[PDB]
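A.B. asks: One structure follows; several queries about it will come next.
Residue numbers (PDB author numbering), protein chains in the order written: chain B, 1 to 214; chain A, 4 to 228.
Shown next, in the form of structure tokens:
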């Protein structure tokens, strides 16, 4: 099999920067190599084919080069919507093989998360398990820590986190921290708070609510 | 438009079968060589099989060789993938991609997800995320939808049935210890319009028949209830 190895595997660049992705084939594939862009969770899209040729409609800032064993994708003037994973795939010989991929993250200024906290719904309180969600919205960088508090008692091991993929417009991230408790354990306490510690926050932000108050 | 639409995926127990179907419209299907390319969760793109435009000339990755059988019906403009003797690693989202000769795959479908597990299907419970009485960041208030206790992936959340896509953040599914998944879908809207606008999350889980439209609304919060 013809083996495709891409470098680097992941990188971070500012809007307007030049990024260069390298693709190497274990055998000579001539010029038949394709670059694919894939936004996270979405379908891949053909960018370059026969290594130098832009697909119709593709932004001109994507430029492929290289031949034989050595190939390069150059993104000139990086744009926010360029946040994605890129793959090279050889068409020269069967079986068709892709590269491992290159994850391109957009580097922007540090942005503080907007924190909202949602009590469990009345309907969920019927299920014997209560979930309270903390929303960290539109922040950079991706690193954050949610400190869950119940009656000021510290909580650990009861929470799970999801983080969205980078936004294609403002290049920010959003995070959700879900605190899972039993209904009886939820009704015994009063104050529920999530303390968010982030680089863009001088001191931690805390959003809180009282169990019965609202 | 140029459309490839995949169907026939879902939950299947290890060792069983399934038939993936891909229908083409808006381009000449007769002259296009069709491909299947899957993506395992967290993994990269993997080419599984492809078929020549004339049909009858097929190729397979050494992974699925002998198990998967690719076919096309040009009268129906449909590409088929028959997946037999499935394993756990075959779990992935499967794309069909059209390509012309060696020029690469220029036409892609939306993808269909194939889950291979011995666990039964389960439908989600959909709970509202009620916006707070203040929620003053400025005019922006946050509200959302909670989708919990379902299996397998994926689930489809829309807000007001595709009418409001702006500010919508639907988080990746978290696998719980119960073996099921959960995720939330949230949106930021003007706080002054909370009482004026009706906000509804439309959740759809294909492995079950579950389709739920949950109206999200604020409450009094003075007396709660």
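We treat Cβ as the ideally placed atom computed from N, Cα and C, and that holds for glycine.
In the DSSP assignment, what residue or residues form a beta bridge with residue 75 of chain A?
C.D. replies: A/82
A.B. asks: Take residue 78 of chain A and list the residues in its own chain whose beta-carbon comes closer than 8 Å to its own, dropping the five residues that flank it on each side.
C.D. replies: none
A.B. asks: Consult DSSP for residue 187 of chain B and reduce its assignment to one of helix, strand or coil.
C.D. replies: helix
A.B. asks: Considering only residues of the region 21–88 of chain B, which uninterrupted beta strand (DSSP E) runs meet the minimum length of 3 residues and lie entirely inside it, listed in chain order?
C.D. replies: Segments of the beta strand (DSSP E) lying fully in the region 21–88 of chain B: 33–38, 45–49, 62–67, 70–75.
A.B. asks: Where do the ends of the beta strand (DSSP E) carrying residue 147 of chain A lie?
C.D. replies: Note, residue 147 of chain A: beta strand (DSSP E), 143–153.
A.B. asks: Against residue 177 of chain A, what residues of chain B qualify as contacts under a CB-to-CB distance less than 7 Å, listed in chain order?
C.D. replies: 160, 162
A.B. asks: Let me know if residue 29 of chain A comes out buried or exposed under the rule of 16 or more other beta-carbons within 10 Å of its beta-carbon.
C.D. replies: exposed
A.B. asks: Could you please give me the residues that DSSP links to residue 40 of chain A through a beta bridge?
C.D. replies: A/50, A/98
A.B. asks: Following a CB-centred definition, is residue 152 of chain A positioned closer than 7 Å to any heavy atom of the ligand NAP?
C.D. replies: Although the ligand NAP was asked about, the structure shown includes no ligands whatsoever.
A.B. asks: According to a CB-to-CB cut-off of less than 9 Å, which residues of the region 61–83 of chain A neighbour chain B?
C.D. replies: 62, 63, 64, 65
A.B. asks: Strictly under 8 Å for the Cβ-Cβ distance: is residue 212 of chain B near chain A by that measure?
C.D. replies: For residue 212 of chain B, the answer is yes, since a Cβ of chain A falls inside 8 Å of its Cβ.
A.B. asks: Rounding to the nearest angstrom, what Cα-Cα distance links residue 124 of chain B and residue 116 of chain B in this structure?
C.D. replies: 19 Å
A.B. asks: Counting only beta-carbon separations shorter than 8 Å, does residue 154 of chain A have a partner in chain B?
C.D. replies: Answer no: the Cβ-Cβ gap between residue 154 of chain A and chain B never drops below 8 Å.
A.B. asks: Do residue 3 of chain B and residue 21 of chain B have their beta-carbon atoms positioned less than 8 Å apart in this structure?
C.D. replies: no
A.B. asks: Once DSSP output is grouped into helix, strand and coil, what is the label at residue 218 of chain B?
C.D. replies: The requested residue 218 of chain B does not occur in the structure, where chain B is confined to residues 1 to 214.
A.B. asks: Check the Cβ of residue 206 of chain B against every Cβ in chain A and list those closer than 9 Å, keeping chain order.
C.D. replies: What residue 206 of chain B touches in chain A: nothing, since even the nearest Cβ is about 14 Å away.
A.B. asks: Who are the near neighbours of residue 172 of chain A in its chain, counting only those whose CB is closer than 8 Å to its CB and skipping five residues on each side?
C.D. replies: 188, 189, 190
A.B. asks: Distance check for residue 91 of chain B and residue 1 of chain B, CA to CA, integer angstroms please.
C.D. replies: 12 Å
A.B. asks: Report the rounded CA-to-CA distance for residue 61 of chain B versus residue 19 of chain B, giving the unit in angstroms.
C.D. replies: 11 Å
A.B. asks: Judging by CA-CA distance, which residue of B/110, B/68, B/42 is the nearest neighbour of residue 50 of chain B?
C.D. replies: B/68
A.B. asks: Short of 8 Å Cβ to Cβ, which residues in the region 50–67 of chain B face chain A?
C.D. replies: 50, 55
A.B. asks: Over the uninterrupted beta strand (DSSP E) stretch that includes residue 123 of chain A, give me the two end residues.
C.D. replies: Neither: residue 123 of chain A is in no beta strand (DSSP E) and is coded neither H nor E.
A.B. asks: In angstroms, rounded to a whole number, what distance separates the CA positions of residue 14 of chain B and residue 183 of chain A?
C.D. replies: 38 Å
A.B. asks: Taking the alpha carbon of residue 155 of chain B as the point to measure from, which residue in B/136, B/195, B/137, B/164 has its own alpha carbon closest?
C.D. replies: B/195
A.B. asks: Since residue 118 of chain B sits in a beta bridge, which residues does DSSP pair it with?
C.D. replies: B/133
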